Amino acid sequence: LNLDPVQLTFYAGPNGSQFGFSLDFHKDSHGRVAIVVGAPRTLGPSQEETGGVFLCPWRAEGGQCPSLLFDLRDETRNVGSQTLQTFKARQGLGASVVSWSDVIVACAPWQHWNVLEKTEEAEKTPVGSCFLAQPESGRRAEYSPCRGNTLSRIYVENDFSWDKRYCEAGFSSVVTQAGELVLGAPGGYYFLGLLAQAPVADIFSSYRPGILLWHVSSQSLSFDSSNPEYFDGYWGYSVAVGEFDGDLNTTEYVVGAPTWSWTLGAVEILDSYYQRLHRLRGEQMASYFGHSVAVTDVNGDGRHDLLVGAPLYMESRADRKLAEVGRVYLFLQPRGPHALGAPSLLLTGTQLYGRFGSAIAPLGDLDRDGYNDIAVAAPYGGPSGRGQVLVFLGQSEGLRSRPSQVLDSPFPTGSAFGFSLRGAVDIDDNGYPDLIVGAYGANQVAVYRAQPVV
């Protein structure tokens, strides 16, 4: 409603770097807000794509940003009569970034890994890896919970069970308020998908450079399955956290699985032991129900609500015709211990191929009316196909069915304006929470400042 679309702020990265693929707000130890931007195709030292991260100080004029530096060199260790190697070429560092306290977590989901033992090998596969930095102190750490040293022959003899070689850990990521990092790995267990969790403190204290294979004893991974409904389901394509079981001492996980059960799609709520509390089934096959999830209480009852994006949902139109426009589902949490029922509201896109619902960002209370609000992205929507971001305000019954404000892309065609979103933080300290929008196709980030209600 009250986001300023006239005076924007633009940050830019190098050409072809996909600067803006992911972003988040970052508060330093003194509470100063900055923007962490991922650029998963930034050129490394060898003039090869490896990815990179940028830490943008807040300036109303925007501009260039300094680099948050990470080790981009491939590593080799000969130990235990084996050879461990990491491959950072085209790893996509910055395909996801998230911030917690004064720590930044940036992940390279396509970092490859292999183990050599005489003539045998583990197979060069994308296990992924996340990089952790404390910018003010310069401290660095890594976390790669799917690296292994089992040889390829063993997986074949055991029918590829507990096969963590294709995790792509860091595909999606989130941190609990207590400091538990939770990673999505949709290629886990031969493309079923898994979750990997560990405290940020234990990641730092157990890491030493050059080890490549180490234990984080406090970590906890999800489990493999024999159920064909989960095969090729990409469980962990998107992840989020919230409070859904009434007990305020436990943190619940929300996991998107957009190809679950033969591309029907699903979203599941779990406790921190990965036991399942609820499952939301997709409405239409191949709609990618679960592509995006977000957790926020929109109707002001203190109970976290859930929205699910299905960006490829095909809406029924005249003459038995379907139109791919996208759809967002809202699930209000009922009182006490009960199951999330049918959707409370269905928001459906308008522009063909607009992919309405590709990203869903909680805004906090934008207009300061006591109810929390959201922003939904249609990166190829709008009358010109350049992309739109639509704001929906909360109310006592959930969300408004029509947008209070639409943000048209300020970038050229093909920028994917809205592919990444992040709100609910006051970056200019004016008392109203703001919105940063990534356009990786244009290698830029746009900042929308909220203003007093007109």
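So that there is no doubt, residue numbering starts at 1 and follows the sequence shown.
For the segment pair 159-167 and 333-341, the entry gives 333-341 the higher mean B-factor, averaged over Cα atoms.
Stretches compared: 77-85, 363-371. Higher mean C-alpha B-factor in the entry: 77-85. Across the residues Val216, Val376, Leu347, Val267, the deposited record lists the maximum Cα B factor for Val216.
Each of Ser173, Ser358, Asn249, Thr296 has a CA temperature factor in the record; the biggest one is found at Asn249.
Among the modelled residues of its chain, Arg402 has a C-alpha B-factor that falls in the middle third, as given in the PDB entry. In this PDB entry, the Cα temperature factor of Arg327 sits in the bottom third of its chain's modelled residues, the lowest group. Among the modelled residues of its chain, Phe204 has a C-alpha B-factor that falls in the highest third according to the deposited record.
For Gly300, the recorded CA temperature factor ranks within the middle third of the chain's modelled residues. Annotation for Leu8: CA B-factor lies in the middle third of the chain's modelled residues.
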